[PDB]
Amino acid sequence: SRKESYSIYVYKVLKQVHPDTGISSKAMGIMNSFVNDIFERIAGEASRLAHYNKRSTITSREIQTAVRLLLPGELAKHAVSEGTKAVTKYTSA
Amino acid sequence: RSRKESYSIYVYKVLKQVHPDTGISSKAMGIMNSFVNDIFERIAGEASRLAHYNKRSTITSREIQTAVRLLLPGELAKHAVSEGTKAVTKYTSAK
Amino acid sequence: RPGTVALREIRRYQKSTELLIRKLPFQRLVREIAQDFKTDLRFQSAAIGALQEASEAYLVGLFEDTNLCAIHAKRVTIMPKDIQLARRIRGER
Amino acid sequence: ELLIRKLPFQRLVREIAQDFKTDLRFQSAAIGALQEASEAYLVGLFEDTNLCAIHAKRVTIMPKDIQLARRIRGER
Amino acid sequence: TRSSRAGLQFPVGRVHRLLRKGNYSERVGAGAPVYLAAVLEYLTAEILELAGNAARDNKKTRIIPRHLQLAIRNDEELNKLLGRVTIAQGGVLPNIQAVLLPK
Amino acid sequence: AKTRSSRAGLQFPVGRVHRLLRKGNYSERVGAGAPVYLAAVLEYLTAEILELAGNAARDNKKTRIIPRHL
Amino acid sequence: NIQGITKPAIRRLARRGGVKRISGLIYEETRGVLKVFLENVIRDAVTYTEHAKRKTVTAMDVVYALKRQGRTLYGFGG
Amino acid sequence: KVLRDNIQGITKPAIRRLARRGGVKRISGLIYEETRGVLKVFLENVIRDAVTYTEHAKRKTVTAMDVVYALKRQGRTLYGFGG
Amino acid sequence: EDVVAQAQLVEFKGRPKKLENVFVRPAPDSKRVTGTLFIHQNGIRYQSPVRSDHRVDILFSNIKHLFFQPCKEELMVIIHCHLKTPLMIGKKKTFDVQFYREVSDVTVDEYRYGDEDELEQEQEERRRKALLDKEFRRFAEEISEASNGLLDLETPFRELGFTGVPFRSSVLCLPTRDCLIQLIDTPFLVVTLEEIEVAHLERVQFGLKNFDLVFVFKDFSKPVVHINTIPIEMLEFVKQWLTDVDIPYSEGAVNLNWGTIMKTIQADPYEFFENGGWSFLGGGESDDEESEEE
Amino acid sequence: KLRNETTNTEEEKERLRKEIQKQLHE
């Protein structure tokens, strides 16, 4: 069975951030739990907004305002900037 | 015009079934409608989470029963399960 | 003696349900606060009413916890340290 | 590292589980997660109890501080 | 109707439609809405029973939010169930602490 | 740039997030930039956490991040 | 506009909460706490409104913002 | 075999260690029993849900995910054991 | 035994500068009475109007630190003297002598009541606070001037303040130029930053909401100072502030028995530094890759 | 500005914070 986890992506991000640092297996389990939890929170809140506004599609606006609701001030600002930058460059490319 | 739905008539029918000589204000009918919607939302969210845990595409009466068991306290859950089972069997026995 | 009118008022206010804040001051406070996030915002009167109900319910619950803390310390006068302790134990501060 | 002994905790968990369904099996990670959650919960409760005891100008925690903490938390 | 077949007063068609349009599952079995309607009807019957008792206790023939609040906060199981909800115009239960009472 | 992650300059999988958003029963339809936006946010947050975890592991003279540092 | 929450109003709220004696700093403390609460709730409501592309704050935004905090309110259309 | 009164397996030094990690310097003697009761009520509330999940999956073994969902339902999200 | 006999206060031969309606802490008598504070040639004198025998004389040579704390979010304005040698005030030995005046005033005349009168009372209270702060600040500057440059006037940096429990209550600890202070509640905290040898942050571990801060002094005979129950949100700020003040710090998951440690260090201070000194506080010096992942 | 270059800048100021702390212990 091929089980799915975000471990390789966390290695990639870590090497991007700390080339000379390593992660234990348990810390990777925690990180996977965190990523799954955040995905669940954001998707549930996006669905709640879509139902509140009688919509049947999740667009980047719903995700943006979900991030605005969930994250605190500076975190929300930086994450919104990062997401808009990435979406803009993916659209441009 | 705006034909929006509510539970007011059903709440009123239930009230007259339990308390014949008792009325209800409009603000309390609003509160009861909000209460019904809330409890519906809780039960449906629990049922959805259970279905997704168990890898099923269907919300059946088993999911509803176990969500009731998870959500309500002991005696209340017991009475509610009794009522639900009674109603399901009475509906299934006829057609 | 001091505290008899206090108990009369306690009995009187645990009986009634009417809002204890004047409507216009609360509306002005709400508009003042809201004006710091987006100018030219409008509020339905029911929104202000709901906000006032929630704020008073919150404050009454907080005052009940504060009273519990004050009685725990073997006192009768509620103090700012009691409020801070109640808010810390709730998990708010 | 966990402070409650592992096997007494396992026996306690089995004893409590013996009421809801007879002869249940448990994963080891289930018992480990239960112990982690229980110790985290108790440490938080002792934090709140210490706060209350200091509030009362004391240094000794007493059962009424626990009761006040569980009341304010909203625990039944 | 499907409410009649189950001997119910709450709607089965409406609840099925709300479950269908609520993005809960790909398909919805036919025994779920009946069971859920029965549960909701039982809970509202309990609530209205205690609220009518509370309103008669005050010698009123019409239920206001105050009686709903009293019925909820006075029943242990309901008060545990509705532990986080606030009722507009519900007030609070009369409760004076032992040490504050006069001497 | 074949993978959608490359076209967005990301490290997280856009395709897997798209599949989970679709095969997850959240809404009838899904956009084209919602998975991209969410992957960007998730990658940013993980980087945010890993920076401070690396700092804490370096303050304890350790090369491996453990739950203590998280 | 934060002065509009007068001392008698805080006294009334404490009396319905069963409080017998009140310090003098309780009023400022309560004003600060209320300001924090209202700031959070109105921020969430305005987020909902902006998302709905509106310029008016409805009762639904307040109700959803309270449901977001966990302060579920009955009797306003929920 | 039935288990009988195993609550006393939470020894007094264990409760003392939990208090020291909590920052408690001096501990009354009635605490230990208080704490024991509290812990019982906690576990009974968590286990009743975990078992409810286990029984609904028509299984006979309580898995780690059942515990994780039971905790998540109470707002007790746990990282490290899956999720 | 620790009460050093002080020189006699030399009265000013002209009209002395004075501050009226001041309370003193610790009080020389159980009864709280307002007094007048006088500036003299080699110190200050507090004098109660009710009894001539309740005089408190403080020499400028014996003041270590002079603080002014304004009434902005507090109900009182303060002039605090921290002393080099302890004084006997009434029956209490004290290093700290505080002069203060509470602005707390009851204003509602319980004719009409309405939002204009309340706003006028709030304005009158703000004017009274600002007047008292101006009076006490000026008088504290006049004390510093009269000392011929022996005493600097310190004012706390409120924006750099953090909440903690040094004694039995949660209090706002306020940094100054040269000291960490709390002057509002008794007992007072006055920590001189230059006298600190090392700071230790206890209970810094994942999942705790609050840590403790321990100050060790250069004089190992002086007991360590604990500031308990500091919010974890302030940890990175406190670490930054300790670095900006040139104080070394260490962090630990466990509370240490400082009463045993300081006795071992007092027994042989040389052997303590020979081994490595304060390095043992840095948790465990494994200096090796954990490599827990298989 | 984008956040990654500020966290790099803030963390290089934190490396100076650690270097100062090491100089203080020595």
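Sequence positions for chain H are given in Swiss-Prot numbering; the residues included correspond to 21-103, in order.
From the backbone N, Cα and C atoms, a Cβ is placed for every residue, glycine too.
Taken from Swiss-Prot as is:
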type     : residues : note
MOD_RES  : H:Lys21  : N6,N6-dimethyllysine
CROSSLNK : H:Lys21  : SUMO2 cross-link
MOD_RES  : H:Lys32  : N6-butyryllysine
MOD_RES  : H:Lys32  : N6-(2-hydroxyisobutyryl)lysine
MOD_RES  : H:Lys32  : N6-propionyllysine
CROSSLNK : H:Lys32  : UFM1 cross-link
CROSSLNK : H:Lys32  : SUMO2 cross-link
MOD_RES  : H:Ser48  : phosphoserine
CROSSLNK : H:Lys60  : SUMO2 cross-link
MOD_RES  : H:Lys78  : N6-glutaryllysine
MOD_RES  : H:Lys78  : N6-(beta-hydroxybutyryl)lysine
MOD_RES  : H:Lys78  : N6-butyryllysine
MOD_RES  : H:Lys80  : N6-butyryllysine
CROSSLNK : H:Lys80  : SUMO2 cross-link
MOD_RES  : H:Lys92  : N6-butyryllysine
MOD_RES  : H:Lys92  : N6-lactoyllysine
MOD_RES  : H:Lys92  : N6-glutaryllysine
CROSSLNK : H:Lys92  : ubiquitin cross-link
CROSSLNK : H:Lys92  : SUMO2 cross-link
Distance, H:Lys60 (SUMO2 cross-link) to H:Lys78 (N6-glutaryllysine) (CA atoms, angstrom): 26
Using Cα positions only, nearest of the modified residues to H:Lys60 (SUMO2 cross-link) (H:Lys21, H:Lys32, H:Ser48, H:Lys80, H:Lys92): H:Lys32
Which listed residue (H:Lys32, H:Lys60, H:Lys78, H:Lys92) has most other Cβ within 10 Å, given these are recorded positions: H:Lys92
Spatial neighbour of H:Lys80 (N6-butyryllysine) that is closest, considering only the modified residues H:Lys21, H:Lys32, H:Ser48 and their CA atoms: H:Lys21
Winner by Cβ contact number (other Cβ atoms within 10 Å) across the modified residues H:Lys21, H:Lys80: H:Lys80
Nearest recorded site to H:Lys32 (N6-butyryllysine) by CA-CA distance, among modified residues H:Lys21, H:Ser48, H:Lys92: H:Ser48
Cβ neighbour count within 10 Å of the residue listed as 'phosphoserine': 17
Inter-residue Cα distance where the pair is H:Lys92 (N6-butyryllysine) and H:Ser48 (phosphoserine), in Å: 33
Pairwise CA distance, H:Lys92 (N6-butyryllysine) versus H:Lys21 (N6,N6-dimethyllysine), rounded so that it is a whole Å: 32
